[PDB]
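Protein chains in written order, with the authors' numbering: chain d, 1 to 281; chain q, 188 to 375; chain p, 5 to 375; chain f, 1 to 168. Virtual Cβ for every residue (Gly too), placed ideally from N, Cα, C.
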């Protein structure tokens, strides 16, 4: 078992408890929070407004400057501007769950409000969706530096919605996988007979945005990700965005999960030589 | 030769009933390459030069630049290893056998017909290649109208009006009469 | 000292060195892995028994030879067998010695990268190149020019050569192997009333067949004869102390080469199908070709088939010209020895990709945008 | 087979027959507590030669011997980071298990790739030449195991999309 959710285990259970407590009219204890996720998050939570009956989540990231530039705000004004809230300072924005901001069916928002991370990403990805749907090339690319030993942009074409990448290789023991196994994706999908385009590129970013073979014969992953409308329908879409909002970060964690694992073989092996070593007798 | 080619896609799929699909998507989607070595160079940098369709249960196949790769054998019977003049060369063998007495009449009378002339890429490339061998000012206006495909029937539906031909007909009399071994200088 | 020459293919492995008189590194190009709860758990066994050991244990094992979109697809199961070569057949590193690899006609795109990825990052050879196996045969014959048959355990191909210039449109590659025969052949055991008929007996079926089969001389004469005789029926031991005595099947099922149509399969029969090479060939040569008909494989060692296929071919052919049909003793075994001996023409090496070329761009130095 | 390995390790075991020397003395000028005698060698004439022995051009052995205790170190052709650091995930793993077998000069010593500390105690502890007839050859087998980890690790490279993408 290795799976995740966009709403957080840590948060949902505690604040649904705070809202079980709000329904009961209960008195506080001292919460404040800051932490991190994939995508470089500074989460926060609090007892805002000082008093016995409020909670506020807040969040901050540098490249918000590259993102507030885009009309993400309107879907979010629906899904979360259903709730009554204001930005905190130091954070880009914040959700005040004042315990008088809570509804009759207190549960119903909890999942949604927790899943907000990817959902903010989706709230702007929809524009490249709309550009593809309006038949539009090159439109209004979201160049973001979420990371910077890496690169990305979102863009559109009439057939197909798009994202593009960069990421600098550190070690050849990584590269020897990188320049092989995605070429058994870019040439291998029969047993996984679904995927959109993903091109991991050991040197090659696409041409309207950067240009191809921009690495050391293999030392920068200019990955790229492009959608067939069997994804760009109003459905197959969502499944896939979820994967992507973790993918390589989560993957590079799975690396180490598997690094650890081999030591089963190695435990067995090294123990075997400890057996074998007796046989000199 | 395209079905020989499609071994590239490597499933062991191999007969007429499938070929009747291959031919489908060929007759839908093939087009004559306009600048083919640079189209290959483009495929190797923008991937957008492959294309795909769903086969009948859900099984999409992506198929490549084949779509216009294979649409260059016309100039290049040499692809099919072949002694044949390219399309334009073959044409220019006839234009050579023609005359500067008529070469504007040739370069003007660019009249198309049939399913074959219905392809994309082709009259574009060939206007270019014809013009690339022609004199200047030659009106390389390829007379390639919608449903040149059916000009055959349409021309008959028009010219059936000139019913005079119906008397240039071999009558059932002449036929029944014939002693028909004689006919091969009426026919040839 | 050495440079490395192999039947890396189907059937048995049949490898040796450059220049030898014989392949020697020899066992099935198929392997097994225990199909079982190891009830005596901790009895000190590794997870596979390999070709000859697979057979020594075949009641124990799961085994592989994958989809007829190739011969195999997880070739990374010969993964194991690469070591089974390097050590368990040899105790040597490929990384030491220049290597003669081989591959077939018309392999779908990805082959040669995915291969060479291993062959140099893993097998680390000094330098190498990859051959196609047809003319290896003519080297042993001391020839260059004629029609070469392969039918085998991987595959079939039908190959016109002229000191080179071999025909891209009249060479005829085909999926066919002795591999395939058994699916019809073994349904007959319920005609035989044998309430006892499995997967692992396919090897005994193949055995009895390799011991006693032949191809019928004029099949309705044979059918009338089977309808009137049983000297046909010939005895065969089975592993508990049984015998079975069987033997009309022994040439009945050996009609299917002319009758793929037996499974309702729309394929023409063998020589008729093959003639189309020649039909697509030059027409002038078709005189001279009567003396140039070269035929070989393990699948080619049966009785009766020779005269049959000649007369069958002759039902297609004019008379008019001087025949030679050309099928040596040990033709089955022979091909590796001709390809072994090529390396003596040291010229054969100069083609070699070295590991440098493979490193620098990648095997993007040579793969399959390359022709 | 790599058959000059036979000349090689037959000559190793001819050296380890010429010179199966190691036997004890304690003291005559300084204390009785028998030392890492190969480390603390003061002077030549009492003791075995210091030596080194190529297999080829990268590969070689060091052996060095007090009359009672000995070093070995051994050098390997391999030189990629993908050869080294990956097997050194193991050569890290290795060294506490050296504490479970007591005769390593417990480091993956460079110029070579390893070293050993050997002594007369062992000659009195259990057995005779089956010992060195194990050791010298076991030492090859634990190299042939690198081929074992090779396909293992390369198949961990074959973990890759075989998880992440093959989820779909």
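When beta bridges are read from the DSSP output, residue 116 (chain f) appears opposite f:72, f:104.
Within chain d, the residues placing a beta-carbon under 9 Å from that of residue 85 (chain f) are 171, 173, ordered along the chain. Within the DSSP secondary-structure output, residue 32 (chain p) pairs in a beta bridge with p:16. At least 9 Å separates the CB of residue 211 (chain p) from every CB of chain f. Of the candidates p:204, p:322, p:357, p:143, the residue whose Cα lies closest to the Cα of residue 243 (chain p) is p:204.
For the C-beta of residue 204 (chain d), not a single chain p residue is nearer than 7 Å; the gap to the nearest is close to 12 Å.
Using beta-carbon distances, residue 199 (chain d) counts as an interface residue toward chain q, with a partner under 9 Å. Nearest CB-CB separation between residue 201 (chain q) and chain d: not below the 9 Å threshold. In the DSSP assignment, residue 239 (chain p) falls outside any alpha helix (DSSP H) and lies within the beta strand (DSSP E) extending over 238-241. Under the three-state reduction of DSSP output, residue 153 (chain d) falls in the strand class.
Inter-segment contact for the region 18-33 of chain p and the region 159-166 of chain p is absent: fewer than three beta-carbon pairs are separated by less than 8 Å. The C-beta separation of residue 362 (chain p) from residue 149 (chain p) comes to about 34 Å, leaving the pair out of contact by the 8 Å criterion. Going by C-alpha positions, residue 285 (chain q) is about 39 Å away from residue 365 (chain q). Under the Cβ criterion of 9 Å, residue 114 (chain p) is counted among the residues facing chain d. Separation of residue 64 (chain d) and residue 92 (chain d) (C-alpha to C-alpha, rounded to the nearest whole angstrom) is 7 Å. Within chain p, the C-beta atoms nearer than 7 Å to that of residue 180 (chain d) come from 121, in chain order. For the pair residue 221 (chain q) and residue 312 (chain q), the CB atoms are nearer than the 9 Å cut-off.
No Cβ of chain f is located within less than 9 Å of the beta carbon of residue 237 (chain d). Straight-line measurement puts the Cα of residue 87 (chain p) at about 14 Å from the Cα of residue 30 (chain p). In terms of Cβ geometry, residue 145 (chain d) and residue 12 (chain d) do not form a close pair [threshold 9 Å].
Remark: C-beta atoms of residue 6 (chain f) and residue 38 (chain f) do not approach each other more closely than 9 Å. Residue 119 (chain d): member of the alpha helix (DSSP H) spanning 110-133, first to last residue. Ranked by Cα distance from residue 259 (chain p), the first of p:175, p:96, p:226 is p:226. Sequence-distant Cβ neighbours of residue 254 (chain d) in its own chain, meaning closer than 8 Å and more than five residues away, are 2. Residue 7 (chain p) places its beta carbon less than 9 Å from that of residue 101 (chain p). The way I'd put it, the region 257-277 of chain d does touch the region 132-150 of chain f; three or more beta-carbon pairs between them come closer than 8 Å.
For residue 156 (chain p), the beta-bridge partners assigned by DSSP are p:181. Of the residues assessed, residue 334 (chain q) falls on the exposed side of the cut-off, its CB having fewer than 16 other CB atoms within 10 angstroms.
Secondary structure at residue 57 (chain f): coil, using DSSP grouped into helix, strand and coil.
DSSP lists p:152 as the beta-bridge partner residues of residue 163 (chain p). Residue 373 (chain q) has a beta carbon lying at 9 Å or more from every beta carbon in chain p. In the DSSP annotation of this structure, residue 73 (chain p) is not part of any alpha helix (DSSP H), being labelled neither H nor E.
Contact note: residue 258 (chain p) does not reach chain q at a C-beta cutoff of 8 Å; the least C-beta distance is about 25 Å.
Residue-level contact check: residue 179 (chain p) does not touch chain f, since none of the beta carbons of chain f fall below 9 Å from its beta carbon. From the listed residues d:56, d:116, d:119, d:120, the smallest Cα separation to residue 89 (chain d) is found for d:56. Contact with chain f is found for residue 87 (chain p), since one of that chain's Cβ atoms lies less than 9 Å from the residue's Cβ.
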